Amino acid sequence: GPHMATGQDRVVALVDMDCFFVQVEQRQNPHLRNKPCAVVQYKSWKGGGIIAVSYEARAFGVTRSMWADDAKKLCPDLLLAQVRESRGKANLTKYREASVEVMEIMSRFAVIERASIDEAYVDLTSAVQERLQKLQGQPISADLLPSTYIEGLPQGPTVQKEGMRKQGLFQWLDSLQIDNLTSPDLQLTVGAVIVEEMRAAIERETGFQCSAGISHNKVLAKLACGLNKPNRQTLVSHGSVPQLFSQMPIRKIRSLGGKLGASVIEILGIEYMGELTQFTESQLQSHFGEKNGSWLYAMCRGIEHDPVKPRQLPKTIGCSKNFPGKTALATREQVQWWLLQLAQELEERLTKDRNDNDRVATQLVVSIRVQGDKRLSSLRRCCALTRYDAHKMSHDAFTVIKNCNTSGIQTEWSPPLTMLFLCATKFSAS
DNA sequence: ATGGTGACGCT
DNA sequence: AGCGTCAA
Ligand SMILES: Nc1ccn([C@H]2C[C@H](O)[C@@H](COP(=O)(O)NP(=O)(O)OP(=O)(O)O)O2)c(=O)n1
Ligand SMILES: [Mg+2]
Ligand SMILES: [Mg+2]
């Protein structure tokens with residue numbers, strides 16, 4: 001009772017940009033706005049591979065990983081924007097720079113964790129405490145939460161979406177205890193007010209819309225965010241968790257979408273997150289390990305302790321290219337040419353990074369895949385990154401991989417290479 | 001023949 | 001360290 005923690009100590013939000021690469025291209029090209037459209041890379045193989053899709057295009061069934069030629073069969077009027085190609089390869093710079101725009105705005109409100117190119121977590125616990133002071137006990141108006149859903153509401157004793165949103169928000173606000181500065185539900189609510197402000201700032205200053213989740217931890221904030229995407233935010237309270245989790249497939253929880261989550265389902269014979277409550281912590285540790293078992297025991301009760309890490313910048317800068325089918329690299333001059341291409345992009349990004357962010361990478365990671373290997377990497381080795389010089393980095397990369405060429409004739413390369421990867425790591429202040 | 005990314009865990 | 005899992 002009085003000693004059981006309820007994981008209600010923090011306010012955490014997750015901001016996730018809507019159809020991000022599409023919005024970047026739509027800002028640039030007004031002709032793409034409010035249209036079914038998608039972002040594609042490499043036009044020559046079936047119109048290119050789709051990597052992002054507008055909501056209008058999703059209505060037709062267009063999805064990521066579709067070939068654009070195939071997407072056109074579902075959506076004949078689909079518009080496309082192509083990823084930039086430089087030095088023979090797709091180049092994601094425009095989207096990385098657009099991501100910096102958003103992350104810098106979010107950082108004004110709170111210290112962020114850059115989770116991905118278009119997602120960031122924020123811990124709003126401190127900001128909420130401050131705002132609750134300025135809020136000298138006055139009630140929170142529904143007008144301060146114009147795009148907020150309260151998960152699980154309305155409930156109890158209208159057929160249009162916004163109507164329902166407002167009914168749920170009204171039930172929530174009506175039941176709030178605003179005189180108690182330590183009430184978790186009140187803290188979440190103030191967190192949601194701040195996130196409305198944050199999301200308004202992002203849209204005003206960039207043009208980009210996003211969704212957000214507000215809850216007490218990262219897993220619930222992330223789950224919350226997707227519940228009413230796009231262009232809306234969702235508050236998941238501690239009290240909403242039993243119902244929410246009672247029909248929530250285990251794979252929907254972040255980190256459980258792969259083999260571990262499948263093993264949870266198979267070994268325990270359950271389907272939904274809520275069903276995990278019926279196992280003891282030791283039982284879960286016995287099946288899934290000490291760390292995973294404790295994490296699951298707490299998570300299925302809505303409790304998670306993973307902190308929002310103060311990290312706004314990527315920890316690595318990588319350059320990757322696949323060489324599928326017949327395009328696999330079968331000559332030494334090919335391997336050398338493409339290592340240089342990659343190294344040149346890497347050098348460009350590294351020099352900009354060093355100027356912007358006052359740090360230098362000290363390790364170069366070189367990874368390849370040989371044709372016929374079942375593994376995604378046939379070799380992943382490091383060497384020193386002592387100079388931001390493309391010819392040196394490509395020469396060094398060649399040196400660390402040269403002995404995978406089993407061709408007696410070293411002019412040839414066998415087996416052919418189907419992937420090259422260069423990555424700069426282990427940053428030090430500069 | 002999705003590809004181009006990127007963080008973190010294990011031994 | 002090198003490799004694996006999980007994720008945008
Ligand atoms: N497998 C993936 C997943 C995402 N991405 C890129 C394109 C996406 O616009 C961007 C963000 O990923 P995302 O959040 O999973 N999806 P996106 O923002 O497009 O749509 P939403 O469902 O978030 O509205 O990363 C990618 O290139 N390959
Ligand atoms: Mg997104
Ligand atoms: Mg995302």
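Order of the sequence lines fixes the chain letters, A, B, ..., with proteins taken first and strands second; residue numbering starts at 1 for each chain.
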ask   = According to the interplanar angle, ranging from 0 to 90°, do the rings of A:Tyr95 and A:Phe21 count as parallel (below 30°), tilted (30 to 60°) or perpendicular (above 60°)?
value = parallel
message = If you define the side chain from C-beta out and look only at heavy atoms, does anything of A:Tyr55 sit under 4.5 Å from A:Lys229?
response = yes
Test: A:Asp70 and A:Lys46 ion pair at under 4.0 Å = no
task = Step through the shown structure and confirm whether more than 12 heavy atoms of other residues, nucleotides or ligands are within 6.0 Å of NZ on A:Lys35.
result = no
request  = Identify, residue by residue, the members of residues 390-400 of chain A with a heavy atom below 4.0 Å from DNA chain B, and return them in order of residue number, or none.
outcome  = none
query = Which part of the nucleic acid, if any, lies within reach of A:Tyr42 when heavy atoms closer than 4.0 Å are counted: base, sugar-phosphate only, or nothing?
reply = sugar-phosphate
ask   = How is A:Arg349 classified with respect to the nucleic acid when contacts are heavy atoms under 4.0 Å: base, sugar-phosphate, or nothing?
value = sugar-phosphate
query = Base, sugar-phosphate, or nothing: which does A:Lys46 touch, judged by heavy atoms less than 4.0 Å apart?
reply = nothing
ask   = Can any side-chain N or O of A:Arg33 pair as donor or acceptor with the backbone N or O of A:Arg27 at less than 3.5 Å?
value = yes
task = Dump the intermediate steps for side chain to side chain donor-acceptor pair (under 3.5 Å) on A:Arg114 and A:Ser116, then the final yes or no.
result = CA-CA 6 Å; A:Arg114 183 206 197 262; A:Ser116 76; over 6 Å; no
remark   = In B/S/- notation (B base, S sugar-phosphate only, - none; protein heavy atoms under 4.0 Å), nucleotides 1-8 of chain C written 5' to 3' is -SSSSSSS
query = If you measure from the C1' atom in C:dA7 to the same atom in B:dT2, how many Å do you get, rounded?
reply = 16 Å
message = Within the supplied structure, the quantity of interest is the number of heavy atoms (other residues, nucleotides, ligands) at a distance under 6.0 Å from A:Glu130 CD; does it exceed 12?
response = no
inquiry  = With heavy-atom distances below 4.5 Å as the criterion, would you say the side chains of A:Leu313 and A:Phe427 are in contact?
reply    = no
ask   = Pick the nucleotide of DNA chain B nearest each of A:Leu313 and A:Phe323; which residue has the one closer to the 5' end?
value = A:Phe323
ask   = Is any side-chain heavy atom of A:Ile214 closer than 4.5 Å to a side-chain heavy atom of A:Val236?
value = no
message = Tell me if the CZ atom of A:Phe60 is crowded by more than 12 foreign heavy atoms within 6.0 Å.
response = no
From CA spacing to verdict: side chain to side chain donor-acceptor pair (under 3.5 Å), A:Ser377, A:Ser367 = CA-CA 6 Å; A:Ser377 171; A:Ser367 184; 2.8 Å; yes
note = Judged by nearest nucleotide, the residue sitting upstream toward the 5' end of DNA chain B, A:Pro324 or A:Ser320, is A:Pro324
task = Pick the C1' atom in B:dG4 and in C:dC6, then give their distance to the nearest Å.
result = 16 Å
remark   = Counted 5' to 3', the first and last nucleotides of DNA chain B within 4.0 Å (strictly under) of a heavy-atom of chain A are B:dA1 to B:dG9
message = So A:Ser65, base contact, sugar-phosphate only, or nothing? Heavy-atom distance under 4.0 Å.
response = base
